[PDB]
Structure formats: structure tokens, C-alpha cells
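Enquirer: This is the structure I have questions about; it appears just below.
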Amino acid sequence: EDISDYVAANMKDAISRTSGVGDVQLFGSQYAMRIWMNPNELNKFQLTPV
Amino acid sequence: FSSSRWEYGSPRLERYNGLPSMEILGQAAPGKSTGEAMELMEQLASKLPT
């Protein structure tokens with residue numbers, strides 16, 4: 001999940017737009033910004049992920 | 001609730017394809033030949049920081 005972030009956002013773009021280059025399916029996925037809820041942490045502050 | 005400072009920021013933002021552009025036109029005016037120019041540029045166009 002680190003080179004997946006290379007490939008994807010550094011190179012799936014001009015691949016998939018290259019000459020002849022049909023579709024292009026990525027194995028892995030590009031960097032998200034994941035933010036992981038803590039259910040405890042929450043009602044331990046009186047908060048919904050809302 | 002606010003507070004504004006000056007800064008420098010850019011009025012035109014390029015892109016050649018996927019990536020952030022930056023167009024440098026020119027020409028090789030009477031003398032040499034349109035691929036002495038290119039050549040030349042490519043040349044020095046692999047000096048530029050990493």
C-alpha cells in the first residue's frame with residue numbers, strides 16, 4: 001500500500017491514456033486519507049462519527 | 001474571527017497531461033536548425049534539480 005500509491009497516482013494516468021491502451025485495471029488502490037473511528041473514544045466524549 | 005497577510009501565488013496553472021505543466025516556447029532563429037535547438041534544450045533539460 002505504498003507502491004500501489006506510486007503506480008496509481010504517479011502512472012495509471014498516462015498509461016490508461018496511452019496509445020491503443022484499452023481499459024486499465026489497477027490492483028491495489030490509490031492513497032485515501034483514512035480516518036479510523038474509535039467507538040469508545042467517541043461516546044467517551046459524547047460524539048457520533050456524524 | 002479572521003486575519004489576512006499578503007502572499008505570492010500564481011495566476012495561471014499549467015498541465016501537460018496527468019502532470020503539472022509549464023510551457024516554454026522559443027525558436028532557433030537564423031543560423032542553426034530547429035533540432036540543434038531541441039537537442040540543445042533536452043541537453044540542459046536534464047540538469048534541472050531532481
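Just remember, in the C-alpha cells the first chain shown is A, the second B, etc., residues are 1-based per chain, and ligands are 1-based in the order shown.
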Please give the complete set of residues from chain A that DSSP, run on the backbone, assigns to helix (DSSP H, G or I), formatted as a ChimeraX atom specification.

Expert: /A:4-10,12-15,39-43

Enquirer: List as a Markdown table every residue of chain A that is in contact with chain B, defined as an atom at most 12 Å from one of its atoms (using only C-alpha atoms), together with the nearest atom pair and the distance in Å rounded to one decimal, sorted by chain and then rising number.

Expert:
| residue | atom | partner | partner_atom | distance |
| --- | --- | --- | --- | --- |
| A:8 | CA | B:18 | CA | 11.3 |
| A:9 | CA | B:18 | CA | 9.0 |
| A:10 | CA | B:18 | CA | 8.5 |
| A:11 | CA | B:18 | CA | 8.5 |
| A:12 | CA | B:18 | CA | 9.3 |
| A:13 | CA | B:18 | CA | 6.0 |
| A:14 | CA | B:18 | CA | 6.3 |
| A:15 | CA | B:18 | CA | 10.0 |
| A:16 | CA | B:18 | CA | 10.5 |
| A:17 | CA | B:17 | CA | 9.2 |
| A:18 | CA | B:17 | CA | 10.8 |

Enquirer: Residues near stretch 26-37 of chain A, anyone? I mean within 9 Å using only C-alpha atoms, not counting same-chain ones fewer than 3 positions away, as a PyMOL selection string.

Expert: chain A and resi 1-9+12+41-42+49
